[PDB]
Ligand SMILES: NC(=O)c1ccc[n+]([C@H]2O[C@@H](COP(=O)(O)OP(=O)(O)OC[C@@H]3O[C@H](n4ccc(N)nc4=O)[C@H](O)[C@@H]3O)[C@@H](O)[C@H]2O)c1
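Given next, in structure tokens, is a single chain: the form deposited without the ligand.
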């Protein structure tokens, strides 16, 4: 009977589901196991469920010569050597379209919490000094203001759809435009990038790479934005220069910065910092942060785990896994 290693905690139903066709080595804790321990568990495994902090490379795959399938519970595969997985006869599978909506909804939450000073607000209530309304924490509203979605991939369309009823002025830029049916329905108007930066009170960078590279909201892009604008990054840690944000925050150019992702997460880069800049951590007045909760919805995580499990079950049964992106 084959053996499947799960690197991170999954719901008990996923373990029962996998158990009929394999012996399951689960992570009973909610912490990331070190790479040495993951390799030790998977050394004689036939299947592995990988998560975001997993980095499958040539070294990993040669330590695990019995690996037949890696069911990744992820949308992207930037920490997998896909061709090496092919080299080693390992099915590599992903899970699409499940992370789009909860990332769009958390992006909107990030916008409201930052523009309405909801964090400072909660600090005022817990302090125990609340004795009624005060002329404090005046923020910026949504209606009548201009929001720009740079990049109109899956998540951007889900944000535009949800912001359509907020009576905003919605701008977007993308090399590929939406059609007039979509543009009219979400009342979203296409512009260029320089136009987006100049006119927008809120900027939301959001497209999975196509014509772009890294650090695209940089000091140059920040110099083009409206003074007192806001930037919301729930996309990827690499698209925003965090030191440029610190400077723009201090110069007054930016009024706020909210983020679900950080530069320290990009283990694929060598210019990677190893912490979130203290200047951003100390600025509770102008920042709003969450620890990569873009898909941290109980119901969604369960369906993400289920899809990874079914890929593993299918590959172990000799079928082609539904989520496969390669061919061993």
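C-alpha atoms forming the largest set that superposes within 1.5 Å between two forms make up the rigid core. Shifts are known only where both forms have a C-alpha. Numbering follows the first chain given and starts at 1.
One more form of this protein, solved in complex with the ligand, exists but is not displayed; see below.
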property: Which of 138-146, 82-90, 253-261, 163-171 lines the interface with the ligand in the entry with it bound (heavy atom within 4.5 Å); result: 253-261
property: Proximity of residue 208 to the ligand in the entry with it bound, heavy atoms at 4.5 Å; result: yes
property: 4.5 Å heavy atom contact, residue 153 to the ligand in the entry with it bound; result: yes
property: Residue 179: touches the ligand in the entry with it bound, heavy atom cutoff 4.5 angstroms; result: no
property: Partner proximity in the entry with it bound: residue 269 to the ligand, non-hydrogen atom cutoff 4.5 Å; result: no
property: Single option in 235, 114, 240, 188 placed near the ligand in the entry with it bound, where near means a heavy atom within 4.5 Å; result: 235
property: Contacts with the ligand in the entry with it bound - residues in 40-57 whose heavy atoms fall within 4.5 Å; result: none
property: Of the candidates 139, 208, 76, 109, the only Cα that travels 2 Å or more between the shown form and the other one, given a rigid-core fit; result: 208
property: Residue pair residue 210, residue 240 - Cα distance in the entry with it bound, closer or farther (3 Å or more); result: closer
property: Shift in CA distance, residue 211 and residue 183, in the entry with it bound relative to the form shown here, given it is 3 Å or more; result: farther
property: Mobile segments between the shown form and the other one [3+ consecutive residues, each C-alpha shifted 2 angstroms or more, core superposed]; result: 207-213
